[PDB]
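Below is one structure, written out as structure tokens, with a few remarks after it.
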Amino acid sequence: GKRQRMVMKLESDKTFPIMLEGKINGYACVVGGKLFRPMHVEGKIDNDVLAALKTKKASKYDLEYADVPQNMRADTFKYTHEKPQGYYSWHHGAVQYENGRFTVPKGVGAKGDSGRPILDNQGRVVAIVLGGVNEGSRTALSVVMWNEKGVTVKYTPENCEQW
Amino acid sequence: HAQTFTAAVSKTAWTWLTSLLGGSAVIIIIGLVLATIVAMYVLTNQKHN
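Residue numbers (my numbering), protein chains in the order written: chain G, 38 to 200; chain Z, 741 to 789.
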């Protein structure tokens, strides 16, 4: 109920969709002065400022990143590495964090909702949704996250389908 | 006398052949060892996940 409204209030201005002949196939992320955007989502950036840049690539970690200018670094997402197990907020409701794995209940999940960040009860991004795999009743996510040392860890289960 | 293959190699040219043929192998095996150590260091730093 109110969780989706809080997601729409937090991700209103900072989330920009990716257009491809009128089709919405992905979402970029503006956090820490960086613009995260995946490889398989191909299209034009809806924002005029973020589209006229050059994104350095990382095909192993499946991420394109760039440098957000200084006049927009204050209006970004927050990020942290301290995460316990339990529940977190996602755009379609809740997501479970168990044994270092993000799980989403079924019914939701198609092609197009790639790049949506995972939020917490405070308002900090803990993961970035990149892919998903159907596991019985409860699907698992293939995402990226950080740690205490500062190494971007990409978690990928078996036989995932890119969204 | 008989014409042995590599009979007149004149040890200086053994040194030039051994340098130009062995230093390349040394550089490529230390590159492969460095690649293996970098892969293990990535798998160590991603362990904290």
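All C-beta atoms in this analysis are idealised placements derived from N, C-alpha and C, irrespective of residue type, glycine included.
- Annotation: the continuous alpha helix (DSSP H) that includes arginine 40 (chain G) extends over 39-47.
- Shortest Cα-Cα distance from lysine 71 (chain G) to any of G:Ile55, G:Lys39, G:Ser174 and G:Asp112 involves G:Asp112.
- Around the Cβ of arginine 175 (chain G), a 10 Å sphere holds fewer than 16 other Cβ atoms; the residue is exposed.
- For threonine 752 (chain Z), the uninterrupted alpha helix (DSSP H) run begins and ends at 752-785, by DSSP.
- Between the C-alpha atoms of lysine 787 (chain Z) and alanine 88 (chain G) there is a straight-line separation of about 35 Å.
- Between the C-alpha atoms of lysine 751 (chain Z) and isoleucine 770 (chain Z) there is a straight-line separation of about 27 Å.
- Under the three-state reduction of DSSP output, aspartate 104 (chain G) falls in the strand class.
- Inter-residue distance for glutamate 119 (chain G) and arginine 161 (chain G) is about 10 Å (C-alpha atoms, whole angstroms).
- Residues of chain Z with a Cβ closer than 8 Å to the Cβ of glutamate 185 (chain G) are, in chain order, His788.
- For the 8 Å CB-CB criterion, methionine 43 (chain G) and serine 126 (chain G) form a contact.
- Residue burial annotation: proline 106 (chain G) is exposed, with fewer than 16 other C-beta atoms found within 10 angstroms of its C-beta.
- Counting only residues of its own chain and dropping the five nearest sequence neighbours on each side, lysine 191 (chain G) has a CB closer than 6 Å to the CB of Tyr98 and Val181.
- Residue environment for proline 75 (chain G): buried (at least 16 other C-beta atoms within 10 angstroms of its C-beta).
- Within 8 Å of the CB of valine 190 (chain G), the CB atoms of chain Z belong to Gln786, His788 and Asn789, in sequence order along the chain.
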